[PDB]
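Since the structure comes first, as structure tokens, the remarks are kept for the end.
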Amino acid sequence: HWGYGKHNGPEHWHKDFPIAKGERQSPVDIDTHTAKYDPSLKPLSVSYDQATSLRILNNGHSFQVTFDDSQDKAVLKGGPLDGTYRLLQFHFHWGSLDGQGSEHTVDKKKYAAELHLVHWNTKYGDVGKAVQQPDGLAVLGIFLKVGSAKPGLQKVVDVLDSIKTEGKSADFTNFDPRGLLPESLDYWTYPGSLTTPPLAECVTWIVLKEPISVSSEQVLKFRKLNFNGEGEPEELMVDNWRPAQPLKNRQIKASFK
Ligand SMILES: COc1cc(C[n+]2ccc3cc(OS(N)(=O)=O)ccc3c2)cc(OC)c1OC
Ligand SMILES: [Zn+2]
């Protein structure tokens, strides 16, 4: 089964998921001097005031927080998007060291982690249908750098003890994802894919320019999670990131000059 090890990591995924070598794979390096400013791009509209978080879960490749997506409560619209996209979950990718961990890079610069807020296009009725469509998902990507603590992340950090190993989950209600956003919503956007299997090419990526800062004590709490299930050999959950993929016939657009 796929993972991030020497014998089952990203260089192996194409054997089980041939689309790994496709035409619009993610993540990519964002070359800031060749991205094109597009003044026709609208500002993002993030409406998370009514968000309802449900559960936090160790799925063996990351941890994720899931939201009620049975109504239009927490939605994303605007930017490069047509229509309304509902927030489903968020999760992180992080490194073993502070110099790596993000999936996207900016001028080859790696950040310590990357936050993905996953949304699906309500036109398609359910997330399983949306993953089959070129515009089915919109993932909002936020870089993390190590510096001052982010207070809005601490309630995530404090519960990770209870989901240390694969398959553990816990109630995680009343979490407000607005505490994870930078002050600016300036962004880059390009058409791309899921960065884990099944690697479906169904994603409009929206990558924010402005990182958020997190403290060294916060990020190293991420590094104490396990890939393994309970009662197996311990293998720390670090470096759960896919390296940058060829841009091929794609243009990265910027919302800002
Ligand atoms: C709600 O979770 C589901 C996710 C999915 C597929 N899915 C959605 C979002 C994903 C985001 C992913 O990560 S990322 N790094 O590209 O943002 C990786 C795999 C994903 C896979 C299918 C489902 O069946 C209908 C689901 O219902 C349980
Ligand atoms: Zn992700």
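Ordered as shown in the structure tokens, chains take letters A, B, and onward, while each chain numbers its residues from 1 and ligands are numbered from 1 in the order shown.
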
Query - Contacts of region 9-13 of chain A within 9 Å, only C-alpha atoms, excl. fewer than 3 positions in-chain, as number ranges by chain - result: A: 2-6, 16-18, 20, 196-197, 241-243

Take the residues that were just selected and, keeping C-alpha atoms, output them as an mmCIF file, in the first residue's frame.
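Just written: again.cif:
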```cif
data_model
loop_
_atom_site.group_PDB
_atom_site.id
_atom_site.type_symbol
_atom_site.label_atom_id
_atom_site.label_comp_id
_atom_site.auth_asym_id
_atom_site.auth_seq_id
_atom_site.Cartn_x
_atom_site.Cartn_y
_atom_site.Cartn_z
ATOM 1 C CA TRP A 2 1.190 3.467 -0.863
ATOM 2 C CA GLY A 3 2.945 5.772 1.537
ATOM 3 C CA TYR A 4 5.991 8.003 1.932
ATOM 4 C CA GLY A 5 8.732 5.417 2.524
ATOM 5 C CA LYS A 6 11.698 4.328 0.439
ATOM 6 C CA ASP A 16 -0.750 1.651 -8.985
ATOM 7 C CA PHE A 17 -2.037 5.022 -10.244
ATOM 8 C CA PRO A 18 -0.762 5.685 -13.741
ATOM 9 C CA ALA A 20 0.777 10.037 -11.465
ATOM 10 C CA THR A 196 -2.148 11.728 -2.745
ATOM 11 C CA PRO A 197 -3.659 8.689 -4.480
ATOM 12 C CA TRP A 241 4.751 15.542 1.141
ATOM 13 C CA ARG A 242 4.844 14.849 -2.580
ATOM 14 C CA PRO A 243 7.668 16.584 -4.503
#
```

**Report entry** Polymer residues at most 6 Å from residue 141 (chain A), only C-alpha atoms, same-chain spacing of 3 or more positions, as a PyMOL selection string
**Finding:** chain A and resi 115-116+207

Expected file: the selected residues, N, CA and C atoms, as a PDB file, in the first residue's frame:
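In the end it all went to out.pdb:
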```
ATOM      1  N   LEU A 115      -0.886  23.696   4.771  1.00  0.00           N
ATOM      2  CA  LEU A 115      -2.265  23.467   5.164  1.00  0.00           C
ATOM      3  C   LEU A 115      -3.129  23.435   3.923  1.00  0.00           C
ATOM      4  N   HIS A 116      -3.951  22.391   3.798  1.00  0.00           N
ATOM      5  CA  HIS A 116      -4.871  22.234   2.681  1.00  0.00           C
ATOM      6  C   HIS A 116      -6.292  22.238   3.213  1.00  0.00           C
ATOM      7  N   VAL A 207      -3.330  28.887  -4.047  1.00  0.00           N
ATOM      8  CA  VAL A 207      -2.215  28.880  -3.103  1.00  0.00           C
ATOM      9  C   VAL A 207      -1.992  30.307  -2.621  1.00  0.00           C
TER      10      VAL A 207
END
```

Query raised in the report: If you run DSSP on the backbone, which residues of region 88-255 of chain A are alpha helix (DSSP H), as a PyMOL selection string?
Result: chain A and resi 127-130+154-159+216-222

Keeping N, CA, C and O atoms for every residue in the selection just given, could you write it to a file as a PDB file, in the first residue's frame?
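Heads up, here's the output in out_38.pdb:
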```pdb
ATOM      1  N   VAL A 127     -19.079  14.463  -2.991  1.00  0.00           N
ATOM      2  CA  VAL A 127     -17.650  14.619  -3.254  1.00  0.00           C
ATOM      3  C   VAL A 127     -17.146  13.494  -4.150  1.00  0.00           C
ATOM      4  O   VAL A 127     -16.205  13.690  -4.932  1.00  0.00           O
ATOM      5  N   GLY A 128     -17.792  12.322  -4.099  1.00  0.00           N
ATOM      6  CA  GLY A 128     -17.393  11.235  -4.976  1.00  0.00           C
ATOM      7  C   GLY A 128     -17.609  11.553  -6.445  1.00  0.00           C
ATOM      8  O   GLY A 128     -16.808  11.161  -7.297  1.00  0.00           O
ATOM      9  N   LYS A 129     -18.708  12.251  -6.767  1.00  0.00           N
ATOM     10  CA  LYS A 129     -18.912  12.689  -8.150  1.00  0.00           C
ATOM     11  C   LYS A 129     -17.920  13.780  -8.520  1.00  0.00           C
ATOM     12  O   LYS A 129     -17.438  13.832  -9.656  1.00  0.00           O
ATOM     13  N   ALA A 130     -17.640  14.683  -7.575  1.00  0.00           N
ATOM     14  CA  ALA A 130     -16.811  15.841  -7.881  1.00  0.00           C
ATOM     15  C   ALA A 130     -15.398  15.436  -8.262  1.00  0.00           C
ATOM     16  O   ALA A 130     -14.764  16.113  -9.083  1.00  0.00           O
ATOM     17  N   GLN A 154      -3.634  26.156  18.268  1.00  0.00           N
ATOM     18  CA  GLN A 154      -3.250  25.410  19.464  1.00  0.00           C
ATOM     19  C   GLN A 154      -4.289  24.365  19.846  1.00  0.00           C
ATOM     20  O   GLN A 154      -3.928  23.300  20.360  1.00  0.00           O
ATOM     21  N   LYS A 155      -5.577  24.614  19.597  1.00  0.00           N
ATOM     22  CA  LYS A 155      -6.531  23.576  19.973  1.00  0.00           C
ATOM     23  C   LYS A 155      -6.408  22.333  19.099  1.00  0.00           C
ATOM     24  O   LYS A 155      -6.695  21.229  19.581  1.00  0.00           O
ATOM     25  N   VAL A 156      -5.903  22.473  17.871  1.00  0.00           N
ATOM     26  CA  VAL A 156      -5.522  21.300  17.081  1.00  0.00           C
ATOM     27  C   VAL A 156      -4.320  20.597  17.709  1.00  0.00           C
ATOM     28  O   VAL A 156      -4.310  19.373  17.875  1.00  0.00           O
ATOM     29  N   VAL A 157      -3.284  21.364  18.044  1.00  0.00           N
ATOM     30  CA  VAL A 157      -2.052  20.806  18.602  1.00  0.00           C
ATOM     31  C   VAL A 157      -2.330  20.022  19.880  1.00  0.00           C
ATOM     32  O   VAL A 157      -1.774  18.940  20.090  1.00  0.00           O
ATOM     33  N   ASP A 158      -3.216  20.523  20.731  1.00  0.00           N
ATOM     34  CA  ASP A 158      -3.420  19.891  22.027  1.00  0.00           C
ATOM     35  C   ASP A 158      -4.142  18.555  21.955  1.00  0.00           C
ATOM     36  O   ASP A 158      -4.059  17.786  22.914  1.00  0.00           O
ATOM     37  N   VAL A 159      -4.864  18.263  20.868  1.00  0.00           N
ATOM     38  CA  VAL A 159      -5.614  17.011  20.783  1.00  0.00           C
ATOM     39  C   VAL A 159      -4.826  15.912  20.064  1.00  0.00           C
ATOM     40  O   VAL A 159      -5.243  14.743  20.082  1.00  0.00           O
ATOM     41  N   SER A 216       7.939  26.623  16.897  1.00  0.00           N
ATOM     42  CA  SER A 216       8.642  25.341  16.840  1.00  0.00           C
ATOM     43  C   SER A 216       7.960  24.295  17.719  1.00  0.00           C
ATOM     44  O   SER A 216       7.895  23.115  17.348  1.00  0.00           O
ATOM     45  N   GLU A 217       7.421  24.709  18.882  1.00  0.00           N
ATOM     46  CA  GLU A 217       6.717  23.762  19.748  1.00  0.00           C
ATOM     47  C   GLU A 217       5.434  23.252  19.113  1.00  0.00           C
ATOM     48  O   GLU A 217       5.046  22.106  19.358  1.00  0.00           O
ATOM     49  N   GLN A 218       4.748  24.080  18.322  1.00  0.00           N
ATOM     50  CA  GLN A 218       3.562  23.589  17.629  1.00  0.00           C
ATOM     51  C   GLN A 218       3.936  22.575  16.553  1.00  0.00           C
ATOM     52  O   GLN A 218       3.365  21.477  16.488  1.00  0.00           O
ATOM     53  N   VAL A 219       4.914  22.904  15.713  1.00  0.00           N
ATOM     54  CA  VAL A 219       5.185  22.001  14.602  1.00  0.00           C
ATOM     55  C   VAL A 219       5.816  20.704  15.096  1.00  0.00           C
ATOM     56  O   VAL A 219       5.584  19.636  14.522  1.00  0.00           O
ATOM     57  N   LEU A 220       6.523  20.719  16.191  1.00  0.00           N
ATOM     58  CA  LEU A 220       7.054  19.448  16.515  1.00  0.00           C
ATOM     59  C   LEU A 220       6.073  18.520  17.165  1.00  0.00           C
ATOM     60  O   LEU A 220       6.283  17.360  17.244  1.00  0.00           O
ATOM     61  N   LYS A 221       4.957  19.073  17.562  1.00  0.00           N
ATOM     62  CA  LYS A 221       3.872  18.198  17.987  1.00  0.00           C
ATOM     63  C   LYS A 221       3.324  17.397  16.795  1.00  0.00           C
ATOM     64  O   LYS A 221       2.919  16.243  16.975  1.00  0.00           O
ATOM     65  N   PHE A 222       3.331  17.974  15.573  1.00  0.00           N
ATOM     66  CA  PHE A 222       2.988  17.210  14.365  1.00  0.00           C
ATOM     67  C   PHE A 222       3.896  16.003  14.188  1.00  0.00           C
ATOM     68  O   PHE A 222       3.447  14.931  13.765  1.00  0.00           O
TER      69      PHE A 222
END
```

**Report entry** Selection: 9 Å around residue 177 (chain A), only C-alpha atoms, excl. self and same-chain fewer than 3 positions, as JSON, numbers by chain
**Finding:** {"A": [48, 49, 51, 53, 90, 152, 153, 180, 181]}

Generate a file of the selected residues that holds N, CA, C and O atoms, formatted as a short mmCIF file (atom, residue, chain, number, x, y, z; two decimals), in the first residue's frame.
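Saved result, result.cif, follows:
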```
data_model
loop_
_atom_site.label_atom_id
_atom_site.label_comp_id
_atom_site.auth_asym_id
_atom_site.auth_seq_id
_atom_site.Cartn_x
_atom_site.Cartn_y
_atom_site.Cartn_z
N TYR A 48 -16.69 31.25 6.36
CA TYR A 48 -16.53 30.17 7.33
C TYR A 48 -17.22 30.46 8.66
O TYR A 48 -17.04 29.70 9.62
N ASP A 49 -18.01 31.53 8.73
CA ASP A 49 -18.68 31.89 9.98
C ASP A 49 -19.57 30.78 10.53
O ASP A 49 -19.66 30.61 11.75
N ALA A 51 -19.24 27.43 10.02
CA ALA A 51 -18.63 26.12 9.87
C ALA A 51 -18.93 25.24 11.09
O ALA A 51 -18.98 25.72 12.23
N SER A 53 -17.30 21.86 12.62
CA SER A 53 -16.35 20.75 12.58
C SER A 53 -16.94 19.55 13.31
O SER A 53 -17.78 19.67 14.20
N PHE A 90 -9.85 19.73 6.43
CA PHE A 90 -8.51 20.23 6.20
C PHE A 90 -7.50 19.26 6.80
O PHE A 90 -7.83 18.45 7.67
N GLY A 152 -4.65 30.30 17.05
CA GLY A 152 -5.79 29.58 16.50
C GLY A 152 -5.51 28.15 16.12
O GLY A 152 -6.45 27.41 15.82
N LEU A 153 -4.24 27.74 16.11
CA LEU A 153 -3.87 26.36 15.83
C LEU A 153 -3.73 25.52 17.10
O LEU A 153 -3.72 24.29 17.01
N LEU A 180 -6.94 30.10 11.13
CA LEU A 180 -5.79 29.57 10.42
C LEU A 180 -5.43 30.41 9.19
O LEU A 180 -4.49 30.06 8.47
N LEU A 181 -6.19 31.51 8.91
CA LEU A 181 -5.97 32.26 7.68
C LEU A 181 -4.96 33.40 7.90
O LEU A 181 -4.97 34.05 8.95
#
```

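Using only C-alpha atoms, the shortest contact distance between residue 145 (chain A) and any of A:176, A:239, A:126, A:98 is found at A:98.
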
Report task. Name each residue within 10 Å of ligand 1, counting only C-alpha atoms and all ligand atoms, as a PyMOL selection string. Result -> chain A and resi 25-27+61-62+64+66-69+87-93+103+114-120+126-132+136-141+192-203+205+240-242

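Between ligand 2 and the candidates A:253, A:104, A:109, A:164, the tightest atom-to-atom separation, counting only C-alpha atoms and all ligand atoms, involves A:104.
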
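For the set A:113, A:149, A:170, A:212, the residue with the smallest atom-to-atom gap to ligand 2 is A:113, counting only C-alpha atoms and all ligand atoms.
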
Query raised in the report: Hey, what does DSSP flag as strand (DSSP E) within region 72-141 of chain A? Can you give it to me as number ranges by chain?
Result: A: 75-78, 85-94, 105-106, 113-121, 137-141

Query raised in the report: Which residues come within 8 Å of residue 105 (chain A), counting only C-alpha atoms, excluding same-chain residues fewer than 3 positions away, as a list in words?
Result: residues 28, 29, 30, 102, 108, 109, 110, 111 and 244 of chain A

Report task. Extract, using only C-alpha atoms, all DNA, RNA and protein residues at most 8 Å from residue 86 (chain A), discarding same-chain residues fewer than 3 positions from it, and format them as a ChimeraX atom specification. Result -> /A:69,72-76,119-122

Based on the selection just made, write C-alpha atoms of those residues as an mmCIF file, in the first residue's frame.
```cif
data_model
loop_
_atom_site.group_PDB
_atom_site.id
_atom_site.type_symbol
_atom_site.label_atom_id
_atom_site.label_comp_id
_atom_site.auth_asym_id
_atom_site.auth_seq_id
_atom_site.Cartn_x
_atom_site.Cartn_y
_atom_site.Cartn_z
ATOM 1 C CA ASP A 69 -20.903 19.424 4.365
ATOM 2 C CA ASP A 72 -23.901 25.486 2.485
ATOM 3 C CA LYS A 73 -22.428 26.472 5.858
ATOM 4 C CA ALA A 74 -18.703 26.985 5.168
ATOM 5 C CA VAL A 75 -18.207 27.811 1.498
ATOM 6 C CA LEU A 76 -15.602 29.153 -0.878
ATOM 7 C CA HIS A 119 -13.723 22.082 -0.907
ATOM 8 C CA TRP A 120 -16.032 20.451 -3.451
ATOM 9 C CA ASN A 121 -18.277 21.925 -6.136
ATOM 10 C CA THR A 122 -21.916 21.640 -5.045
#
```

Query - Pick from A:44, A:144, A:160, A:254 nearest to residue 78 (chain A), counting only C-alpha atoms - result: A:44

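What separates CA of residue 250 (chain A) from CA of residue 191 (chain A) is a distance of 7.6 Å.
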
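Nearest-residue note for ligand 2: choosing from A:143, A:209, A:165, A:1, the minimum distance belongs to A:143, counting only C-alpha atoms and all ligand atoms.
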
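By only C-alpha atoms, and with residues fewer than 2 positions from residue 248 (chain A) along its chain excluded, the set lying at most 10 Å from it is residues 22, 23, 24, 25, 245, 246, 250 and 251 of chain A.
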
Requested in this report: Using only C-alpha atoms, find the one residue out of A:70, A:58, A:8, A:249 that sits nearest to residue 226 (chain A).
Outcome: A:58
